[PDB]
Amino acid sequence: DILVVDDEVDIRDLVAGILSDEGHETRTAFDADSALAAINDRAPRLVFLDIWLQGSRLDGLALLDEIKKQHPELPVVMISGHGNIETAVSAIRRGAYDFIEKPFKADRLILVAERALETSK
């Protein structure tokens, strides 16, 4: 199972769509509280997290920290157009499996998801 967290509908749909077409059951969330509620209901096997979450209680990096604190075993991959070297290093040090830069190619998204799912329940 994959949970995609992004404040933009077009990105949630584009990511869930690409992954669903490859045979992965994908759910979406639009902010930190909808993401945490979706994980607390039934933990997915992988989480894709945006960083700049407009109107969210937590940005994607604080959300990564909260997810990794409750579920250290749950792989989390960042997907963001707001990265730089310092931000990507911070994400990996804080527990993210990988960092996908926006704009991404479909095969890169699938390659990373399947690598992370090999490291999941």
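The numbering used is simple: start at 1 and walk along the sequence shown.
S.K.: If you average the CA temperature factors over each stretch, which comes out higher, 68 to 76 or 52 to 60?
M.R.: Taking the mean B-factor of the alpha carbons in each, 52 to 60 is higher.
S.K.: Look over 80 to 88 and 35 to 43 in the entry and identify the one with the greater average Cα temperature factor.
M.R.: Per the PDB record, 35 to 43.
S.K.: Could you say whether, by C-alpha temperature factor, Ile100 belongs to the lowest, middle or highest third of its chain?
M.R.: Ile100: CA B-factor falls in the lowest third of its chain.
S.K.: Considering every modelled residue of the chain and its Cα B-factor in the PDB entry, is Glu114 in the lowest, middle or highest third?
M.R.: It belongs to the middle third of the chain when residues are ordered by C-alpha B-factor.
S.K.: Please say which third, lowest, middle or highest, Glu8 falls into when its CA temperature factor is compared across its chain.
M.R.: Within its chain, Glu8 is a middle-third residue by C-alpha B-factor, going by the deposited values.
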